[PDB]
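Right, one structure below, let's go through it.
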Amino acid sequence: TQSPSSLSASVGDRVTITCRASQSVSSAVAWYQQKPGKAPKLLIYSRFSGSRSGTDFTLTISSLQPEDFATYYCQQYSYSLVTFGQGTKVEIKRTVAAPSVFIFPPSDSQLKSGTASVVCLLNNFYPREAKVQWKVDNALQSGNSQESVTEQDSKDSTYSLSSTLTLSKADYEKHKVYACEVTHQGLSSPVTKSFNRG
Amino acid sequence: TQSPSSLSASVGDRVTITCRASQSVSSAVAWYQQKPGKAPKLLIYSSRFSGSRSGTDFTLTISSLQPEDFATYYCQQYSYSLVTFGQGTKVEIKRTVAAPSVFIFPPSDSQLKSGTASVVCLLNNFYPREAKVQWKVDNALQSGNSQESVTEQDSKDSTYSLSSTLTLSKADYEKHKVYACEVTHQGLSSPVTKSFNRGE
Amino acid sequence: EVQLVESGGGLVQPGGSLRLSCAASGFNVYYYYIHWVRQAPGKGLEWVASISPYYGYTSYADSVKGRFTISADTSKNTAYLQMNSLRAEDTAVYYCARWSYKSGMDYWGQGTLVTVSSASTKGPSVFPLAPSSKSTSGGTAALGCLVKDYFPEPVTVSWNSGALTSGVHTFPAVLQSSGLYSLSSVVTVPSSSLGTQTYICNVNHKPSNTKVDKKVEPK
Amino acid sequence: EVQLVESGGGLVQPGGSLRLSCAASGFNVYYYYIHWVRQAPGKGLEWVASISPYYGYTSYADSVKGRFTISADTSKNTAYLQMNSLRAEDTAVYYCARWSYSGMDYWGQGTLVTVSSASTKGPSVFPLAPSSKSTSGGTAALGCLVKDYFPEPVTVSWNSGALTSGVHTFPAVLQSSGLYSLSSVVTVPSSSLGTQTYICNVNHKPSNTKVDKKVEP
Ligand SMILES: [Zn+2]
Ligand SMILES: [Zn+2]
Ligand SMILES: [Zn+2]
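The structure is reproduced here in structure tokens:
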């Protein structure tokens, strides 16, 4: 129904996820865990515990293990119908890590194909939140780019991000200076990467 | 149909907004400017505002950003049996990083006597807008029992302010001791935590 | 002297019906395209409907698919939007606008709020956000009012009957899972004034004819 | 061993129809409620429909109601989801699950359903070339742009799976044209670029397309 909310936590932390009871008339709640690319799993709840905060339902993880980092869904049944709550993604907390930035001009083969995509890469950073602003001949762009973010890296718990500027071939040839400007928690000043067409 | 995308800029900057078109070719455009709490305004362009069509995508250019240009811009496309507004681009004022001052408020006795409890955390005058508030009740990380909202860019110093409200039943509130909100932000080299003990 | 004034907005249960009006002045709707555009809180503009000049042909967004009807009365010089089978996602500020390379909607109404929900009208409870030793820092103290559990929007807040505006932040309302709204208004002041100056938040909730003052004192 | 196996997913035009299946094993669909749950890309879980163990009859989400119809075959224990008048919003991975009575304790592997007017099309692969200007210390970045394909999914490897460290293959984005696009990148020592070749192997099974693109300065 929508994108899951986020929660940052460390191994060993205690986490409590609250599920608001809509307008039901029973304590029929079930909790599920889902990892990327896999089906959800019904939570069987040792470190997992279910309770009742007021009229609402809660799921508590007493001490987060590495395997606990995933998206959690609260399910309420009637039982003439079923409803899933918004996902809550539990993320691994680590120290701030500034991104390294790279820009890629469109290949000659792509220009031959009638399109020009410019790619800005942000590598190995934390937290996930980062802003990329595009500039063409020093003109700030909007509405002609799209971003994409990896899942948290298994080894160092960092993120990587791509931002792609898409222009027509004809328009790409009309400008000279292409740049992406990156803003992030770990950056005291914006980092810019650029190139001159030709 | 979705939230407006955000763009940080300064006075004198050049800004070009691209209208993400569909089966256009035979399509016309109109550009609008909206500020908080007010109806949109039609933009007349040619002299600070100019526009053109690069292929199927309409563009609007602001040649030199003025203080009154900071707003949310929308493109409207219309053609045979189709009229739609594109996603809004919110052009906001860029300024130096400013860390929030953080304040926490326990539930008033008045609200407690009324059988409920709301804990409020206040983040005052910070920039940039991006900020993360994490509630902790007896060091248990909370999620799904709080809500937050943020003001528009302040007309005084171009900062934002945010309030986060942790909602609990009175009974649940009274069986926990330590309440805390942990604030993460650009201007903070380390997270700031404001807390209190129930009944002090 | 062109103006458009809207009315008819309010609360309605899902599945219910509402008729919005758009009274024109300084021109007649007969000679122009008239448009309806809506905006959900925090979201972008969404085109809803339009009616053509001279002949009054119509056009609708797919999202209001045979549920909405746009019309105009040229004698009363008013355009209408009949809304049937309303759903929660129809909740928004609705604007009407007049159309006229440089063409576009050049005149707009002030907008009217349409709320679709099963919740009933309720006035707010007002609680203090009291200043304190931990609500102060290096000279300035923060205080405010929590305006909780009201429906529908809007609520308005002022401080000391409008005399205090500096340092005031009145946040956007949030829709709680209960279906009721809540908002906070805060203000920062000098700590030394806490003993002297009095601070009162004036809350108004027209949909329930509710008026409430709350004096905010140190705990 | 309890096990649900799904099939029948794929690509369809808006207004078209598909029929999903759910082969049960280690149990029979007579003594259990069977549910259908879908998940649109990057979004949360959404309940679709359910059928009762003893008698048939049905419960549907409001978003579906009278467009899909759930059913089952007792003999060959198989649940079905007959989807008709499909819309773009119905694009999702569809799961079938068994409810015990407490909750959906067993799930199928899931199957992708795409509803769109776009035609099947293989990706054009373009190099994201390394450069002396594109380094971070001794590290160089490079990659492959996998643009304008339909439908999902594509798979990307580097040097036939020999190179995995430092690889980032980003989630696809749905462009305004109705086609998907993604990039795959890798960071390597710039000192290796002279004596090392880098090839991204792109596989798009839905279009029978296999591309291997070498990436060089
Ligand atoms: Zn251009
Ligand atoms: Zn302030
Ligand atoms: Zn990396």
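Respectively, the protein sequence lines represent chains C, A, B and D.
Reading the first sequence from the start, the letters are residues 6 to 50, 61 to 213 in the deposited numbering.
Reading the second sequence from the start, the letters are residues 6 to 51, 61 to 214 in the deposited numbering.
Reading the third sequence from the start, the letters are residues 4 to 103, 110 to 228 in the deposited numbering.
Reading the fourth sequence from the start, the letters are residues 4 to 104, 112 to 227 in the deposited numbering.
Heads up, the beta-carbon is just placed ideally off N, CA and C, and yes, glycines get one too.
- Closer than 8 angstroms at the C-beta level to chain D, one finds no residue of the stretch 183 to 199 of chain C.
- Close to residue 98 of chain C, with beta-carbon spacing below 8 angstroms, lies no residue of chain A; the smallest spacing is near 15 angstroms.
- Going by DSSP, residue 123 of chain A is part of the alpha helix (DSSP H) stretching over 123 to 127.
- The alpha-carbon separation between residue 133 of chain C and residue 195 of chain C amounts to approximately 9 angstroms.
- CA-to-CA, the gap between residue 7 of chain D and residue 26 of chain D works out to about 6 angstroms.
- Contact of residue 156 of chain C with chain A is assigned, a C-beta pair being separated by under 8 angstroms.
- Close partners of residue 211 of chain C in chain A (Cβ separation under 7 angstroms) are lacking, with about 18 angstroms as the shortest Cβ gap.
- Following the DSSP letters along the chain, one finds residue 131 of chain C in no alpha helix (DSSP H) but inside the beta strand (DSSP E) bounded by residues 130 to 140.
- At a cut-off of 8 angstroms between beta-carbon atoms, residue 137 of chain A makes no contact with chain B.
- When C-beta atoms of the stretch 151 to 162 of chain C are compared with those of the stretch 171 to 179 of chain C, three or more pairs fall below 8 angstroms, so the two segments count as touching.
- Sixteen is the threshold: when 16 or more other Cβ atoms of the shown chains lie within 10 Å of the Cβ of residue 106 of chain A, as they do, the residue is buried.
- In terms of side-chain proximity, the C-beta atom of residue 178 of chain B is found nearer than 7 angstroms to a non-hydrogen atom of ligand 2.
- Note on geometry: alpha-carbon atoms of residue 117 of chain C and residue 142 of chain D lie some 11 angstroms from one another.
- DSSP lists C:150 and C:209 as the beta-bridge partner residues of residue 194 of chain C.
- For the set D:186, D:31, D:62 and D:69, the Cα lying nearest the Cα of residue 76 of chain D is the one of D:31.
- Take residue 198 of chain A, set aside five residues on each side of it, and the residues of its chain with a beta-carbon closer than 6 angstroms to its own are 146 and 205, in chain order.
- If you draw a straight line from the Cα of residue 213 of chain D to the Cα of residue 174 of chain D, it is about 16 angstroms long.
- In this model, residue 195 of chain D and residue 65 of chain A are separated by some 36 angstroms (Cα to Cα).
- By DSSP's assignment, residue 106 of chain C forms a beta bridge with C:13.
- Per DSSP, residue 187 of chain A lies in no beta strand (DSSP E) segment; the continuous alpha helix (DSSP H) that holds it begins and ends at 184 to 187.
- Residue environment: residue 69 of chain C is assigned as buried (16 or more neighbouring CB atoms within 10 Å of its CB, all protein chains considered).
- Of all alpha-carbon atoms in A:155, A:182 and A:103, the one lying nearest the alpha-carbon of residue 128 of chain A is that of A:182.
- For residue 18 of chain A, the nearest beta carbon of chain C is closer than 8 angstroms to its own beta carbon.
- With distances taken between CA atoms, residue 123 of chain D lies nearest to D:93 out of D:216, D:198, D:93 and D:57.
- DSSP lists D:138 and D:195 as the beta-bridge partner residues of residue 153 of chain D.
- For residue 145 of chain D, the beta-bridge partners assigned by DSSP are D:150.
- The stretch 165 to 213 of chain B is shown to contain whole beta strand (DSSP E) runs of 3 or more residues at 165 to 168, 177 to 179 and 190 to 199, in chain order.
- Cβ-Cβ distances below 6 angstroms link residue 96 of chain B to 42, 120 and 122 in the same chain, with the five nearest sequence neighbours on each side left out; the list follows chain order.
- Closest by C-alpha distance to residue 89 of chain C, out of C:95, C:211 and C:67, is C:67.
- Runs of the beta strand (DSSP E) lying entirely within the stretch 57 to 94 of chain D and spanning at least 3 residues, in chain order: 61 to 63, 71 to 76 and 81 to 86.
- Residue 73 of chain B counts as buried, since at least 16 other C-beta atoms from the protein chains shown sit within 10 angstroms of its C-beta.
- By the beta-carbon neighbour count (other beta carbons within 10 angstroms, threshold 16), residue 16 of chain A is exposed.
- A residue is called buried when at least 16 other Cβ atoms come within 10 angstroms of its Cβ; residue 58 of chain B does not meet this threshold and is exposed.
- Listed in chain order, the positions of the stretch 26 to 41 of chain A with a beta carbon within less than 7 angstroms of a beta carbon of chain B are 35.
- Residue-level contact check: residue 144 of chain A touches chain C, since one or more beta carbons of chain C fall below 8 angstroms from its beta carbon.
- Around ligand 1, the residues whose beta-carbon falls short of 6 angstroms from at least one of its heavy atoms are C:186, C:189, C:190 and A:68, given in chain order.
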